[PDB]
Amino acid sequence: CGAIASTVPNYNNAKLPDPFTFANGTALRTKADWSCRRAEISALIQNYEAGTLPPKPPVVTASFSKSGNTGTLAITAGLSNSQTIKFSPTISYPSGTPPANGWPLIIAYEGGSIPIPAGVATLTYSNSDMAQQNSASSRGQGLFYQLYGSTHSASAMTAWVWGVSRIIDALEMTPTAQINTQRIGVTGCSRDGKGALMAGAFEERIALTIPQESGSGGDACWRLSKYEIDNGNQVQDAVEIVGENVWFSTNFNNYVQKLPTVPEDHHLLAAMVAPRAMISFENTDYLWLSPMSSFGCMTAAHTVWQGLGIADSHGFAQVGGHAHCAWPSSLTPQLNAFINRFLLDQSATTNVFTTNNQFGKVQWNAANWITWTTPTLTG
């Protein structure tokens, strides 16, 4: 891919950054080009809003034990300077004999808030232990920072991603966990839905990503939410979110008032999942979630899957009429379709892209935000 850009000093675009053009002005043309564009997007997101995602450390070990239907995966991670941390997620297993290749698994941030089908194991990930997230007071606290240092630039969500990567490393080394590491999904609701999106985007071994009501800093776009808040919708936005918690790097503070200068938005974050599968779910009852911004953000991200000829690997379903993080039974068929196809190997059709258009004081106008023509990427 060559030397990937992590900063674009002269960038200034009030509309959504174009997925299909590299920072240097080179247009994407092949499906393989998307791998390099994803890597550039990774670098840009880390530089502007997420902080640094460390690579696998040189020590990662794991032991496993099981009591009844609950496994405990005891992980240790260590740096070359001997510093180490440990954490022990648990796994809830279906009973009986697993498939020949092991159970498909969903890594659920603090248990998630989706119903998980019977043939799928659930790993409960205590992401708040990995990086605290009470308020701005939490900056640099959590197991991640006991390894890398409390001034490490990673946001809380980037630290969470790191923990997921170590979990998957551990599973690959632990046959007795009886997990099919080729069929791992990730989910989370609300602030943990923001986290699940980051995990699926940055950790390519995740086969299915399921963010639930993730809102601002999740599947909503910064630029669209600024439009909402300026027009009287009481949405969460970039300016408020960096003061509320530590889900983003301290450096993001330098850009929340200057969003057009940021050469990325969360449509590119979501597009990092491609060519893997993702369906996110949103709720128009809570303007805090920035409903129009999520629909426009994911509509923009969808063009990447469309350009790759795999539109049905990316879903979006947005409805109203239920409490925050309550699962409406009306969406269970859509959720199960993605789980069935991408984790359970069924021939389920996954064409899901729906909203009720309940956006409050604004509307979605694609011509005001998307300026690119989706190319047909070759090869």
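Residue positions are given as counts along the sequence shown, with the first one as 1.
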item	value
89-97 versus 230-238 - which carries the larger mean C-alpha B factor in the record	89-97
Per the entry, higher mean C-alpha B factor between 299-307 and 98-106	98-106
Residue of maximum C-alpha B factor among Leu335, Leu343, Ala317, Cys325, per deposited coordinates	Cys325
Identity of residue with top Cα B-factor, from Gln182, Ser214, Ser290, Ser128	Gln182
Third assignment of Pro54 from its chain's C-alpha B-factors	lowest
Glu40, C-alpha B-factor rank within chain (lowest, middle or highest third)	lowest
Assigned third (lowest, middle, highest) for the C-alpha B factor of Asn47	middle
Relative C-alpha B-factor of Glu244, binned into the chain's lowest, middle or highest third	middle
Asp169 - which third its CA temperature factor falls in, relative to the rest of the chain	middle
